[PDB]
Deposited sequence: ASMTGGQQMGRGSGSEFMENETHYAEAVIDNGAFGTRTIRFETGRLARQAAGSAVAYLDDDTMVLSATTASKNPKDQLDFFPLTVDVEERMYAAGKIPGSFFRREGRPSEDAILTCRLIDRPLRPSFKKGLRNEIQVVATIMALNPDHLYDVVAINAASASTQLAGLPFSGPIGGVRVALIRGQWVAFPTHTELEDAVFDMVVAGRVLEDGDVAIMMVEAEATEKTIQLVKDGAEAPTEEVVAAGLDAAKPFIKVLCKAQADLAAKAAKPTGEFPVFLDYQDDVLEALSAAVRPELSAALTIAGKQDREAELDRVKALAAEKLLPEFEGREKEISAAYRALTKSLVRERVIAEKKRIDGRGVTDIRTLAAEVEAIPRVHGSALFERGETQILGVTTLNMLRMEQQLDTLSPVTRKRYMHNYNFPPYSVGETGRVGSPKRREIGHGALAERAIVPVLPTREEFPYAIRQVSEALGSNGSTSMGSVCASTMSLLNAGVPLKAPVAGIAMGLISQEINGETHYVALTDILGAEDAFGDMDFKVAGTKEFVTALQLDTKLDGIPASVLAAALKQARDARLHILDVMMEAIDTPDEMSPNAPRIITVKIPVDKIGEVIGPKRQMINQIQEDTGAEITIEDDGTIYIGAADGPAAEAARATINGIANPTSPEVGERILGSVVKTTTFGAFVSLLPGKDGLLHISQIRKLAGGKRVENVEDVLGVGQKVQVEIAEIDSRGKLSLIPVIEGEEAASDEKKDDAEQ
């Protein structure tokens, strides 16, 4: 019963040095594994990992559960909730579970059915620090000590490109000059190289201005450079955890493994339908393929019976392994996809605005079976969301909600509270847009964007980005630039001692499951505003990654053109929306928080840019100059026309 420590020294040169200190042996001694992670001995996150004794063999998936508990006392604050007790998880808490779960899930031995829970509690937070990345490491650390079939440690780091330097674990203060904010997690291979496993990045609300003022825009080259910059830190973080584990990790336990199917089922099934299956997979038609792809299942589920009775699940599971094998192989050799597309072909696109009546703005975006409806709502800033969490953010001007109803995929199910993925995809698409939004002063409105995943089969979050851009422009939001997104995939298998890679454009839901890496990129025509990535591959050639990002860029540009046809410049602000033209009695009669702010056009009406094609009509007592849909600008009278203009 002794306390052990280890440190990961983070050297940011001119920006200073900071340390991630790991501790174990003092707190929560009843957990399978426990560790504390401090950022400069100031911010503290405790992580406890536990495992249920009995496996849930009933499930066909590894049951991992990650929970992030924000304790408001870590900020010296008493919860503002009515009951003065922290309750339902904030966005940050949920997004952090995702950041931890993504790289930790695939790190456990396959077939594991025991419930593994990881609880990270934020106990102290310096208001200038970001706890998410401190928590990733603490999560990995406690799990690594738990004596479970887990291949860690996993090192997590945030690198932001601040003034030309990729700073590790930047502070909120340092992020004010960041053109790109990127979280990365990975492991250290037996040969010392770092394998990146997870990436969640974004451009910022500062990017455009900073690039204007001289900084380098976050293009694919820059972003890829950032990924390399994160590796040394991840190695340092991993080495520190390994030193802790070396001193106090429990010995790996003996856990039951649950296979999806035995060999006799696969050999049987393979021998029974392999030919018909590999053939059916060559049908470039939807209903035709699925049809023959059905005859086969039949010829199989009928040829293996009654020999294999009560093993039906193994049959369909083996049917999946075989299909996957066949589909992957065809991509590497024939470079043809399960739907007949080439490795860089995008699915049938359809963009459109004015899809719903009355709403301030709306757009419909379809790509294959993915159909997203985006709807925009503009209100007074008083409607902006108010937050009281561990984040320094207290108000949110741009709000995105992503709904994924069951019938989106022809299913029945609960319709209500948003899942963790609905929060995850919603965030990415929200973050992909934020970089191009006008400022509070240029556009004094709270903006709520809702993406309805009416149809789903091909990256709805990315489709959501395209729908947001158009919907917003349709509503009159003076975006600095349109943003589009694309979901990519990567197949990789070694053909006789040689590894080949094939990057896939706009991957189907199936190609995600059969791929070795899936990454999503969104951005304007100039730079990347968002990037998400996941993979278990032991690193990939720089030439390959860069090639994948470039391919993704191309797709993104093509889409931006299609979107451009739908709408280019912002449309006029809906009459049904509010205006804040600058120029009790009538404040409660004319209806408007009189600088005038009306909740309807027929108010303030019957200097601030009241309208900006051949100039800018700035409000006065308005004027015209041969600003946005609400921007501010010092006005001076140059000439009074005959009519009095």
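- No C-alpha positions are given in the record for the deposited-sequence stretches 1-19, 603-620, 632-639, 652-672, 679, 689-691, 697-715, 735-757.
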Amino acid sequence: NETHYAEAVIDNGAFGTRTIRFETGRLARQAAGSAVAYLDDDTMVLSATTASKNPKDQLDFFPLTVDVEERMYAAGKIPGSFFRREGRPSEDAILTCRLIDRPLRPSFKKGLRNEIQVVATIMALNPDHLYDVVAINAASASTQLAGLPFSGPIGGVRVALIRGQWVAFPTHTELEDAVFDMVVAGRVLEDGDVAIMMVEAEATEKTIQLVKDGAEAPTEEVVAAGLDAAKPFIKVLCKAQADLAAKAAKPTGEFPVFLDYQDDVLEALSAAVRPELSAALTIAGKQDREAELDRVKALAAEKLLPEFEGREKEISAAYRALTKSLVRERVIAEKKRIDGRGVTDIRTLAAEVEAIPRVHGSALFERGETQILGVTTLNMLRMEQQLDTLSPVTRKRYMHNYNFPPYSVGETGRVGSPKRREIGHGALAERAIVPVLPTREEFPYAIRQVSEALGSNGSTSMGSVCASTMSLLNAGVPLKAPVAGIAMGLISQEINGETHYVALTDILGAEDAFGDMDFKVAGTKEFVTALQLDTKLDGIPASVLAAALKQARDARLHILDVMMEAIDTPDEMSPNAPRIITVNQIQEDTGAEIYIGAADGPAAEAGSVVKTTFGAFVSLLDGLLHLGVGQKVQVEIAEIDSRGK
From here on, numbers count along this sequence of modelled residues.
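- Per the PDB record, of the two stretches 17-25 and 627-635, 627-635 carries the greater mean B-factor over its C-alpha atoms.
- Look at the mean CA B-factor for 384-392 and for 299-307 in the entry; the higher one is 299-307.
- Highest C-alpha temperature factor among 431, 231, 85, 480 per the entry: 85.
- The PDB entry assigns its highest CA temperature factor, among 34, 585, 65, 43, to 585.
- Remark: residue 319 belongs to the middle third of its chain, ranked by C-alpha B-factor as recorded.
- Residue 274 sits in the highest third of its chain by CA B factor, as recorded in the PDB entry.
- When all modelled residues of the chain are sorted by CA temperature factor, residue 442 is found within the highest third.
- For residue 609, the recorded CA temperature factor ranks within the highest third of the chain's modelled residues.
- Sort the modelled residues of the chain by CA B factor and residue 109 lands in the middle third.
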